[PDB]
Amino acid sequence: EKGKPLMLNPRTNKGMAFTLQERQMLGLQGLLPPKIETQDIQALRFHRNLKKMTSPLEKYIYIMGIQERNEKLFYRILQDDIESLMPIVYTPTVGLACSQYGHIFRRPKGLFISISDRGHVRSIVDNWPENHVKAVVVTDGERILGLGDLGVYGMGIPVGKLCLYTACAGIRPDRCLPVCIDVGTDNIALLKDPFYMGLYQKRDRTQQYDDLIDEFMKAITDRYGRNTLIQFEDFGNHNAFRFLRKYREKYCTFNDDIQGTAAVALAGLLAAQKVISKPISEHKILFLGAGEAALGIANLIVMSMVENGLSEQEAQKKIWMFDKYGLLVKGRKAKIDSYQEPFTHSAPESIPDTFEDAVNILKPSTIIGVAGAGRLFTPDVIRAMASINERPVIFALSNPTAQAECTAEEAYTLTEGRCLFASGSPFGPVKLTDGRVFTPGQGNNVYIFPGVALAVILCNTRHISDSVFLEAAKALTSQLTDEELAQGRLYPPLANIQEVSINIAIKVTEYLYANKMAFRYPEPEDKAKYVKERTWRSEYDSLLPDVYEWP
Amino acid sequence: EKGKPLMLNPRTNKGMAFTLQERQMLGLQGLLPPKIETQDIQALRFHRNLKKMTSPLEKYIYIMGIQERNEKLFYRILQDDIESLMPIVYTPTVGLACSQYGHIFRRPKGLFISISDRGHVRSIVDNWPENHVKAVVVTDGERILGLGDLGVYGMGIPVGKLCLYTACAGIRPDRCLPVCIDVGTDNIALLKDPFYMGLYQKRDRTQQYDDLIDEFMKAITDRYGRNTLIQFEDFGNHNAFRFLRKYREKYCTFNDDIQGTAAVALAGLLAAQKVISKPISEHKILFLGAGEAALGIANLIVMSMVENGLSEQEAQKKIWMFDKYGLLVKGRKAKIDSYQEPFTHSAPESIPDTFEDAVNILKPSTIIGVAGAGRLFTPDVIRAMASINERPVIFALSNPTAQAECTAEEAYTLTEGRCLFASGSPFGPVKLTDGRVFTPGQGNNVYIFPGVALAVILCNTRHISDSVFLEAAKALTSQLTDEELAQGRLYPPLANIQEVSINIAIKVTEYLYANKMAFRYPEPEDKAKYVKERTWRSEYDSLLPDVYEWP
Amino acid sequence: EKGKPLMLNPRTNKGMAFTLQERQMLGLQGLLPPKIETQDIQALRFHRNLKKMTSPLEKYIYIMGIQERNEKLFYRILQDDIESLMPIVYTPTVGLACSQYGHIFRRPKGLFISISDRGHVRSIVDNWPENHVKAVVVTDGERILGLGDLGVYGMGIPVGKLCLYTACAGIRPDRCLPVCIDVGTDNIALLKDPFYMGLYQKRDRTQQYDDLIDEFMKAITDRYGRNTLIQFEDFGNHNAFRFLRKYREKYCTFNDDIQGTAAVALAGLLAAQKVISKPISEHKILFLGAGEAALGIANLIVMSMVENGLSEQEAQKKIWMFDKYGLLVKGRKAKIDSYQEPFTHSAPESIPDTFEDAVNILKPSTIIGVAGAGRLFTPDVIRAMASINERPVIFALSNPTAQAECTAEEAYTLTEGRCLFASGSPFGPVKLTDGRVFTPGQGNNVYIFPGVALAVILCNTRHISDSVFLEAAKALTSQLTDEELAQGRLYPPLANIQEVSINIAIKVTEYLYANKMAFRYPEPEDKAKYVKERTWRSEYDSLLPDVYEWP
Ligand SMILES: NC(=O)c1ccc[n+]([C@@H]2O[C@H](COP(=O)([O-])OP(=O)(O)OC[C@H]3O[C@@H](n4cnc5c(N)ncnc54)[C@H](O)[C@@H]3O)[C@@H](O)[C@H]2O)c1
Ligand SMILES: NC(=O)c1ccc[n+]([C@@H]2O[C@H](COP(=O)([O-])OP(=O)(O)OC[C@H]3O[C@@H](n4cnc5c(N)ncnc54)[C@H](O)[C@@H]3O)[C@@H](O)[C@H]2O)c1
Ligand SMILES: NC(=O)c1ccc[n+]([C@@H]2O[C@H](COP(=O)([O-])OP(=O)(O)OC[C@H]3O[C@@H](n4cnc5c(N)ncnc54)[C@H](O)[C@@H]3O)[C@@H](O)[C@H]2O)c1
Ligand SMILES: NC(=O)c1ccc[n+]([C@@H]2O[C@H](COP(=O)([O-])OP(=O)(O)OC[C@H]3O[C@@H](n4cnc5c(N)ncnc54)[C@H](O)[C@@H]3O)[C@@H](O)[C@H]2O)c1
Ligand SMILES: NC(=O)c1ccc[n+]([C@@H]2O[C@H](COP(=O)([O-])OP(=O)(O)OC[C@H]3O[C@@H](n4cnc5c(N)ncnc54)[C@H](O)[C@@H]3O)[C@@H](O)[C@H]2O)c1
Ligand SMILES: NC(=O)c1ccc[n+]([C@@H]2O[C@H](COP(=O)([O-])OP(=O)(O)OC[C@H]3O[C@@H](n4cnc5c(N)ncnc54)[C@H](O)[C@@H]3O)[C@@H](O)[C@H]2O)c1
Ligand SMILES: [Lu+3]
Ligand SMILES: [Lu+3]
Ligand SMILES: [Lu+3]
């Protein structure tokens, strides 16, 4: 192609950063102003403009705009302050954006397969411009973060992650593809909003539903290969948990909200013991709730507990769960799902009633907050664990900084900095009464999924096993400098999420090869330089044709 | 536009004559043989191959090939050997090819409008790739030359024709458009021809046919401009005359079969007298038939008799018509149509039975053989004219050479050479006993329409007046040379048909301006340069961008 | 893409076969005669036309055009009458066309990597409009059949060849790419040909040459992957054997004029013995030449011998070769090449001054005319062998039908039908005095390269071993009927080359597969239906967009 269609395609457009030669060769001369910018000027003007921006959503709507304008530029700036931009491009700003979706709508971004399209998903799947695709993120928006049902308003999610895929891992922007499935909704507020962008109708939980998913999986694979990466996101547990059991062994899929999480959690717990050094067998982990996040970590734990010569059975018997309906035990009045059954150990002599109550009775070495019900890690709770453990482990991942089970402060200050804390949300250093500063640890999934993703793709791996995430964990934590440890943080600084992911890549592509799960041939000798070589760069490319005089 | 499509479109492609640099900058490198030919080299490979060919229609096939192949090479070749290729790319071989259309089809060429498309003509009209179309050529296939109704097999003419408009006048191909309208055919054979490629049904003569032409008429002027020229062709006398009467002053249209013909005749008819010199007033013209081609002329004659000082009446009264049914006289039994009455004079004392009988009875000065009935211009008939006239004028235009009213020999020899003979069929010189080579001329309409077409175009004339044909006629005649006269031809050698039409273009555009029939401003001063300036080239152009250093 | 480009493309064009719906929707109405044809009427128009043809090259020309205007059709027509068209699209008419290339030239047909494009081939590769290429053919026009250095006039071989890959095996056209590499030329005549379409310089042989080959090999692989099939062709022995050993291991390359030829012969020879039954050990084999063919053939034989409980050494020791410099024995006066040594045995007591002479002293079971010098298997040479052996094997591969070492007649007759004949050129049945008719079997490589090519591709077989060709022969050979064996052919009817090749492919896949060299996963339980599926078709395909109401 040539001409303005060049300037129209974000994948090509370089704005003023187009060289005079191209500008001429390409028949652009006169379509751009007499100025030839660099990628540093263009970028400058950006911050120079993002600053004057007030609200974070406004900044989102701005940046997200340079995505459908100039692919390179958009992504260059991305890493430019990847640390600070991430929270606008993704969490939490995107939850805002996702709620606003349909109002702040401007240009479309992903792929849309509706239940009204059943029987033709393929052709649709064939409507997508991109030739080579390797990454696919899909959601049916049923559980858009803590916003619950958001229908197609949720497509904001796929869009976000795929950005990180590239931003911190180096996956090709073209090779990705966010997708949103529309089967209707349940949010009335959504069913009566003239600005909604999907089929106006209650969800579809009939057989039609699965078949549709089925049809799309095949359509995607059919169209792009069987090794093509398919990440399930924001779904309705039940489905999100069964749609995994089902296809995992059939396709190249994985669900971050589950596997992706458990990965980071572990990493946390891990690095903790690296400083605690407490003989596995004696551990006691108690959960403040039995949901998705829980069951998810609960097993990658057992999994690694077991990997240490422990029988799955005795392993999981070291895992206790406490959800709204009280403590998770045998025979209780409330209900307990199949996934729950294992972690539901026969009732202890005396039954607590307060999480705080439980803590005692059971006496866990560890305690994790995943109930998203605000601050339940009372001062008492903390201060009790703080007693029973010479160095307690507390993890409040609930989000946002509104739902955490507690705070970093109450955490350390109520334990003599004798505890090891980690927050799912962000939290500031903590200097205490003795001039002691404790920089805490935030467990974002951005720590895993992008790394695991790059590996599985560059390896032509055909399936993603749990041992992978379990291995992913290690990879991560095994990135914590002793001083980081000294500092007290159980997660590598979010400033270098790149390299960290790039490293995690390596170590995973290696692992893959060793266990012979990688089919990419022929195996390379230097995976380091291997991987590091395959990353996608924002650095512009000359569009000039290869002329050359002929002797 | 770039890539193979450059090589795929005939207008762009130029084969191995594509310069290394264009190849390189256009991305055609390694798509063409490393050799770089010139146009001549190419045009040579052609004439070399053409040589080893046998049947003309075989050639016509080959040649018409380079058309839908390399626009710029095809034509160069044409005006390269015009006098010799003319009767291949067009009559007579084209007559052959039309009857064979379907068995010799390889690729489509013009625009097809069918009554099945009635109501949507416009849309059809809108599918023609070209943007700027100035000259059109329509036909409904009813009377393809002497081959009659040929259904869609006639589309072989609009193309042939236009080749001349372009090769002779110097008109821009991408500005012409050969159109073919389908309303069934009446040819049973075709009707049963399994390769016939039109609608399988009787010719529709209902009201619909009228509306179609209309819809099309307007649909074309709409999309292209009411100043856009439309030439009617191989049509059916009855229609070709009314449509001519109708849209004449409504659009920029005319008809070759009538208008075109008429002019060329007179051309001869003046080149003759020019050597004869016989006081108009004593002139007596007689037609061997009274159809289309006769009345078409009969009036071009009048107009000029009346231009010389006669009155409409006194002029025609010097014209007589004798068709199959005998002498055309006031009250005669056979039918006389409104377009004949004028020339149907009052019965001369004696009514002749034979054309030769009439020859005496009337005592004409000029004899016109247009009945297309072969040798009816009997040696006697010759000898008679030759007697009663010390300088008889005989015109056998019937075609082909067979239907000819006679032959130059039986004319010149049977007159000692005291006859000014012209034929619508090719005849070589005739050396008699005393040893005198006379080159009888032929009156191809190819002399007219192009040059006029040429002028009417660039003059943005809105309507074609017959006065233009009469004028045109002079133009052509006045091309003659005393030597061309002394040689015996009243028509200029086909060889320089280039200049011949070009030169006519000028003189005609001039006439247009002066009578104000021209709307192209500003009116140049030196018309000669004007036109010679506006003639399409055959020589290659560049596609190479305009690159240059910015100081 | 729609409108004219869609019919401007040989791949998409369907001529009058475009449905009305495709016509209206794709904006083609009017652009095509109002007649919707069917492939059958189209193809019908072609034979009915080809008939009136005469010269064999003429037909060639006529059919090679259908190729550049409408794929599907061309081929449809092709395999329609593959037997009669094969020789026209290929040998022995192809050579007629290579010699006349440029003297016939109309439109480019493949890739062109000149030595002048050195250091840039990649880009040139990048100019090929096809995105997924899987089959490649390359040649340097140095030894194009018994014609010799033909320059870029030889491009016609890959092109043609490719046609059969398709027409015979079922390989997707857009995935095939024929290539020619201009490095100058040693044939003078061409160097003086004003039409010559290549580098008007002497054949470069310096280091630049190989380097270019390499630059290319990767260039291709770079763009189309590594597993991309690369068959060599009509090179100058020398390089053919070297580049062979070279890239053989680093690429999916192979050479038909070596590995292919072989396979056919052994398929002939395997056949013979099936009706001869003479326990290997007692086999003796001579050769009328030691150039290219000889060695190739020879070895695969050795390979099989080996296969049957033998030893490389003795094996070839059972093989002898008599070139134009006497026989290939130890210490002879002429020059023996490295590839020739393992067949240049130690001189037997008396040394043969003649083939006939060597025929006795050696008294071989099998004989093979691969000298292409003509009839050297004289009636004596025949009868002699006839005598010596009760069931003698004679194979005269030399081509055309002029270099044939003998003929089926002089074979079957001068042996009462005691021999096992097999010729390279074409020959029809032979009836004897005792009214005994025998069809002589022809051994074209067309029987092979397709089937295989097809296999390697579909199986992503990264490399092509010799154990496959030999395994190919067996498979081919195994396609013979006992009645077919009755008539006496060692080669199945060319009339069923489709299946033959397909079935050969099926057999090979399982092989490639079972031998763990097929990488395509998952390995299909049914190779039959498997291969049988992915076969390309000549049946047109709808263009209509997938439309459907939304409930
Ligand atoms: N200038 C450019 O845009 C440019 C230049 C050279 C190569 N390439 C591309 O590189 C590819 C060849 O790579 P390879 O086969 O040697 O690699 P590989 O086989 O080592 O990689 C394994 C698979 O992962 C894909 N892949 C590689 N890096 C990726 C990334 N960073 N993000 C997402 N997917 C990735 C590959 O296409 C391949 O299918 C070609 O498809 C080509 O299009 C692009
Ligand atoms: N990477 C991360 O940082 C990350 C990842 C996943 C989940 N999370 C956090 O975990 C929280 C829950 O997410 P989820 O996916 O597990 O949801 P979920 O619905 O699966 O979990 C809810 C569980 O918590 C229990 N619960 C709710 N309120 C309770 C209360 N007031 N007291 C006691 N138990 C209560 C419920 O019984 C239920 O079993 C969220 O706030 C989220 O921010 C963080
Ligand atoms: N530029 C040229 O050289 C040129 C141009 C136009 C027409 N022509 C020739 O004129 C001939 C007729 O064309 P037209 O358009 O006038 O056709 P037409 O059918 O309209 O007219 C033919 C006339 O001749 C009469 N006629 C038929 N047979 C006759 C016979 N046997 N004896 C006497 N009269 C007879 C008919 O009554 C009819 O009126 C054609 O054969 C054609 O070759 C030549
Ligand atoms: N290299 C090229 O291809 C090239 C270069 C210069 C101009 N042009 C073309 O010339 C046109 C401008 O015409 P102008 O205003 O100078 O002319 P003009 O005003 O002198 O002519 C008046 C009319 O005649 C038409 N015309 C001119 N030459 C013609 C021809 N050779 N055949 C058929 N129709 C013809 C014009 O389009 C115009 O409608 C532009 O539309 C442009 O596309 C082409
Ligand atoms: N599938 C087939 O049917 C098939 C395949 C390949 C080759 N061939 C035929 O094989 C013949 C040669 O091809 P090639 O590949 O062997 O090429 P080549 O040029 O490498 O082989 C020539 C050999 O024959 C010998 N020779 C030359 N003249 C001789 C003579 N006058 N007397 C005895 N020996 C002589 C030479 O020493 C040389 O060893 C051709 O005619 C060709 O038609 C047929
Ligand atoms: N209407 C159409 O033209 C149409 C429709 C559906 C699919 N397809 C094509 O089929 C391909 C899917 O192949 P698969 O995954 O089943 O292959 P596969 O894995 O079963 O086959 C192995 C390899 O052989 C190649 N291959 C298969 N048939 C071929 C042929 N006939 N000619 C040349 N190469 C061939 C494949 O591309 C593949 O790389 C897609 O690339 C798609 O473009 C075409
Ligand atoms: Lu999520
Ligand atoms: Lu006409
Ligand atoms: Lu060959």
# chains A, B, ... in the order shown; residues from 1 in each chain; ligands from 1
$ residues_around --residues "residue 277 of chain B" --least-positions-apart "6" --cutoff "12 Å" --atoms "only C-alpha atoms" --output "VMD selection string"
chain B and resid 269 to 271 283 365 390 to 392 420
$ select_by_dssp --residues "segment 117-183 of chain B" --states "strand (DSSP E)" --output "ChimeraX atom specification"
/B:135-139,176-182
$ residues_around --residues "segment 85-96 of chain A" --least-positions-apart "5" --cutoff "8 Å" --atoms "only C-alpha atoms" --output "PyMOL selection string"
chain A and resi 56-57+59-60+63-64+78+144-145+147+156-157+160-161+164+400
$ residues_near_ligand --ligand "ligand 6" --cutoff "8 Å" --atoms "only C-alpha atoms and all ligand atoms" --output "list in words"
residues 222, 223 and 225 of chain A; 132, 133, 134, 135, 170, 171, 172, 173, 175, 176, 454, 457, 458, 459, 460, 520, 521, 530, 534, 535, 536 and 541 of chain C
$ interface_residues --of "chain A" --to "chain B" --cutoff "10 Å" --atoms "only C-alpha atoms" --output "number ranges by chain"
A: 1-3, 20-27, 29, 544-550
$ residues_around --residues "residue 432 of chain A" --least-positions-apart "3" --cutoff "9 Å" --atoms "only C-alpha atoms" --output "PDB file with N, CA and C atoms, in the first residue's frame"
ATOM      1  N   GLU A 409       0.177  -0.343  57.551  1.00  0.00           N
ATOM      2  CA  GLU A 409       0.464   0.171  58.875  1.00  0.00           C
ATOM      3  C   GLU A 409      -0.047  -0.769  59.954  1.00  0.00           C
ATOM      4  N   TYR A 412       2.236  -3.911  60.102  1.00  0.00           N
ATOM      5  CA  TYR A 412       3.554  -3.862  60.745  1.00  0.00           C
ATOM      6  C   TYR A 412       3.530  -3.266  62.148  1.00  0.00           C
ATOM      7  N   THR A 413       2.875  -2.115  62.275  1.00  0.00           N
ATOM      8  CA  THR A 413       2.775  -1.409  63.551  1.00  0.00           C
ATOM      9  C   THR A 413       2.131  -2.250  64.650  1.00  0.00           C
ATOM     10  N   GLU A 416       5.221  -5.275  65.342  1.00  0.00           N
ATOM     11  CA  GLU A 416       6.627  -4.957  65.589  1.00  0.00           C
ATOM     12  C   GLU A 416       7.420  -5.210  64.322  1.00  0.00           C
ATOM     13  N   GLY A 417       6.756  -5.060  63.180  1.00  0.00           N
ATOM     14  CA  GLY A 417       7.427  -5.298  61.920  1.00  0.00           C
ATOM     15  C   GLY A 417       8.004  -6.690  62.017  1.00  0.00           C
ATOM     16  N   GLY A 435      12.283   4.447  63.888  1.00  0.00           N
ATOM     17  CA  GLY A 435      12.927   4.874  62.660  1.00  0.00           C
ATOM     18  C   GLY A 435      13.151   3.698  61.728  1.00  0.00           C
ATOM     19  N   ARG A 436      12.123   2.862  61.618  1.00  0.00           N
ATOM     20  CA  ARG A 436      12.188   1.683  60.768  1.00  0.00           C
ATOM     21  C   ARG A 436      11.221   1.780  59.591  1.00  0.00           C
ATOM     22  N   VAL A 437      11.763   1.863  58.379  1.00  0.00           N
ATOM     23  CA  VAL A 437      10.936   1.955  57.179  1.00  0.00           C
ATOM     24  C   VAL A 437      10.733   0.594  56.490  1.00  0.00           C
ATOM     25  N   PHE A 438       9.476   0.173  56.388  1.00  0.00           N
ATOM     26  CA  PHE A 438       9.140  -1.093  55.748  1.00  0.00           C
ATOM     27  C   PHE A 438       8.347  -0.878  54.468  1.00  0.00           C
TER      28      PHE A 438
END
$ residues_near_ligand --ligand "ligand 7" --cutoff "12 Å" --atoms "only C-alpha atoms and all ligand atoms" --output "PyMOL selection string"
chain A and resi 90-92+94-95+137-148+154-158+160-161+231-237+240+255-261+292-293+399+444-446+449
$ closest_residue --among "C:474, C:180, C:294, C:123" --to "ligand 1" --atoms "only C-alpha atoms and all ligand atoms"
C:123
$ residues_around --residues "residue 251 of chain B" --least-positions-apart "5" --cutoff "10 Å" --atoms "only C-alpha atoms" --output "list in words"
residues 217, 218, 221, 225, 226, 227, 228, 229, 230, 246, 462, 463 and 464 of chain B
$ write_last_selection --atoms "N, CA, C and O atoms" --output "compact mmCIF listing (two decimals), in the first residue's frame"
# COMPACT_ATOMS: atom_id res chain seq x y z
N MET B 217 -29.48 6.65 -22.06
CA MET B 217 -29.04 7.93 -22.57
C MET B 217 -28.73 8.80 -21.37
O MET B 217 -27.56 9.14 -21.12
N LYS B 218 -29.76 9.12 -20.60
CA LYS B 218 -29.64 9.97 -19.41
C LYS B 218 -28.66 9.45 -18.36
O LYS B 218 -27.93 10.22 -17.74
N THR B 221 -25.10 10.50 -19.60
CA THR B 221 -24.86 11.93 -19.58
C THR B 221 -24.81 12.37 -18.11
O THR B 221 -24.03 13.25 -17.74
N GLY B 225 -21.71 13.63 -18.08
CA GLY B 225 -21.86 14.97 -18.61
C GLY B 225 -22.66 14.94 -19.88
O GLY B 225 -22.43 14.09 -20.74
N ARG B 226 -23.62 15.86 -20.02
CA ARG B 226 -24.46 15.90 -21.21
C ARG B 226 -23.71 16.40 -22.44
O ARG B 226 -24.26 16.46 -23.54
N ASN B 227 -22.45 16.76 -22.25
CA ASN B 227 -21.60 17.25 -23.33
C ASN B 227 -20.83 16.03 -23.82
O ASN B 227 -20.03 16.10 -24.77
N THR B 228 -21.05 14.93 -23.13
CA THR B 228 -20.37 13.72 -23.50
C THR B 228 -21.01 13.21 -24.78
O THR B 228 -22.24 13.13 -24.91
N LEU B 229 -20.14 12.91 -25.74
CA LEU B 229 -20.51 12.41 -27.06
C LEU B 229 -20.93 10.93 -27.03
O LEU B 229 -20.30 10.08 -26.38
N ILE B 230 -22.01 10.65 -27.75
CA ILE B 230 -22.56 9.31 -27.87
C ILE B 230 -22.79 9.03 -29.35
O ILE B 230 -23.56 9.74 -30.00
N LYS B 246 -34.87 12.19 -32.53
CA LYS B 246 -35.14 12.47 -31.13
C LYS B 246 -33.95 13.10 -30.40
O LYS B 246 -33.77 14.32 -30.43
N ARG B 462 -22.14 20.99 -27.81
CA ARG B 462 -23.27 20.37 -27.13
C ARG B 462 -24.15 19.60 -28.08
O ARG B 462 -24.91 18.73 -27.66
N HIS B 463 -24.06 19.92 -29.37
CA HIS B 463 -24.87 19.24 -30.37
C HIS B 463 -24.20 19.19 -31.74
O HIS B 463 -23.57 20.16 -32.19
N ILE B 464 -24.33 18.04 -32.39
CA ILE B 464 -23.76 17.82 -33.70
C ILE B 464 -24.73 18.23 -34.81
O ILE B 464 -25.77 17.60 -35.00
$ select_by_dssp --residues "segment 17-129 of chain A" --states "helix (DSSP H, G or I)" --output "ChimeraX atom specification"
/A:17,20-25,39-50,56-63,71-80,82-89,93-100,115-117,121-125
$ closest_atom_pairs --of "segment 394-449 of chain A" --to "segment 493-499 of chain A" --cutoff "10 Å" --atoms "only C-alpha atoms" --output "Markdown table"
| residue | atom | partner | partner_atom | distance |
| --- | --- | --- | --- | --- |
| A:441 | CA | A:493 | CA | 8.6 |
| A:442 | CA | A:494 | CA | 8.6 |
| A:443 | CA | A:494 | CA | 9.6 |
| A:444 | CA | A:494 | CA | 8.9 |
| A:446 | CA | A:497 | CA | 7.7 |
| A:447 | CA | A:497 | CA | 6.8 |
| A:448 | CA | A:497 | CA | 9.6 |
$ write_last_selection --atoms "C-alpha atoms" --output "PDB file, in the first residue's frame"
ATOM      1  CA  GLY A 441       4.611  -5.764  48.689  1.00  0.00           C
ATOM      2  CA  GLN A 442       1.871  -5.476  46.042  1.00  0.00           C
ATOM      3  CA  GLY A 443       0.974  -8.645  44.215  1.00  0.00           C
ATOM      4  CA  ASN A 444      -0.303  -7.708  40.786  1.00  0.00           C
ATOM      5  CA  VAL A 446       0.974  -8.210  35.754  1.00  0.00           C
ATOM      6  CA  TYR A 447       3.872 -10.048  37.359  1.00  0.00           C
ATOM      7  CA  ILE A 448       2.994 -13.304  35.681  1.00  0.00           C
TER       8      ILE A 448
END
$ residues_around --residues "residue 211 of chain A" --least-positions-apart "6" --cutoff "10 Å" --atoms "only C-alpha atoms" --output "PDB file with N, CA, C and O atoms, in the first residue's frame"
ATOM      1  N   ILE A 115     -24.233 -13.812  20.513  1.00  0.00           N
ATOM      2  CA  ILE A 115     -25.021 -15.018  20.497  1.00  0.00           C
ATOM      3  C   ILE A 115     -25.959 -14.975  19.283  1.00  0.00           C
ATOM      4  O   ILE A 115     -26.440 -16.008  18.803  1.00  0.00           O
ATOM      5  N   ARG A 118     -24.393 -16.837  16.335  1.00  0.00           N
ATOM      6  CA  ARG A 118     -24.197 -18.278  16.403  1.00  0.00           C
ATOM      7  C   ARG A 118     -24.417 -18.929  15.050  1.00  0.00           C
ATOM      8  O   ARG A 118     -25.445 -18.724  14.390  1.00  0.00           O
ATOM      9  N   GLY A 119     -23.430 -19.712  14.638  1.00  0.00           N
ATOM     10  CA  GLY A 119     -23.518 -20.392  13.368  1.00  0.00           C
ATOM     11  C   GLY A 119     -22.660 -19.712  12.334  1.00  0.00           C
ATOM     12  O   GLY A 119     -22.572 -20.167  11.207  1.00  0.00           O
ATOM     13  N   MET A 217     -13.903 -21.180  19.876  1.00  0.00           N
ATOM     14  CA  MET A 217     -12.592 -21.773  20.148  1.00  0.00           C
ATOM     15  C   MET A 217     -12.062 -22.343  18.856  1.00  0.00           C
ATOM     16  O   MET A 217     -10.974 -21.979  18.408  1.00  0.00           O
TER      17      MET A 217
END
$ residues_around --residues "residue 511 of chain C" --least-positions-apart "5" --cutoff "9 Å" --atoms "only C-alpha atoms" --output "PDB file with N, CA and C atoms, in the first residue's frame"
ATOM      1  N   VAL C 468      13.187 -42.337   0.925  1.00  0.00           N
ATOM      2  CA  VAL C 468      11.814 -41.996   0.571  1.00  0.00           C
ATOM      3  C   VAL C 468      11.589 -42.196  -0.908  1.00  0.00           C
ATOM      4  N   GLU C 471      11.537 -45.716  -1.334  1.00  0.00           N
ATOM      5  CA  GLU C 471      10.262 -46.116  -0.770  1.00  0.00           C
ATOM      6  C   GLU C 471       9.137 -45.593  -1.685  1.00  0.00           C
ATOM      7  N   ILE C 506      -0.074 -40.963   0.007  1.00  0.00           N
ATOM      8  CA  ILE C 506      -0.639 -41.568   1.204  1.00  0.00           C
ATOM      9  C   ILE C 506       0.406 -42.506   1.779  1.00  0.00           C
ATOM     10  N   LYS C 516       9.357 -41.296  11.799  1.00  0.00           N
ATOM     11  CA  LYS C 516       9.534 -40.113  12.629  1.00  0.00           C
ATOM     12  C   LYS C 516      10.328 -39.031  11.912  1.00  0.00           C
ATOM     13  N   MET C 517       9.688 -38.413  10.930  1.00  0.00           N
ATOM     14  CA  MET C 517      10.297 -37.345  10.145  1.00  0.00           C
ATOM     15  C   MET C 517       9.179 -36.424   9.681  1.00  0.00           C
ATOM     16  N   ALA C 518       7.954 -36.874   9.923  1.00  0.00           N
ATOM     17  CA  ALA C 518       6.783 -36.088   9.619  1.00  0.00           C
ATOM     18  C   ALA C 518       6.602 -35.404  10.969  1.00  0.00           C
TER      19      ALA C 518
END
$ closest_residue --among "B:7, B:44, B:502, B:411" --to "ligand 4" --atoms "only C-alpha atoms and all ligand atoms"
B:502
$ atom_distance --atom1 "atom CA of residue 127 of chain B" --atom2 "atom CA of residue 34 of chain C"
14.4 Å
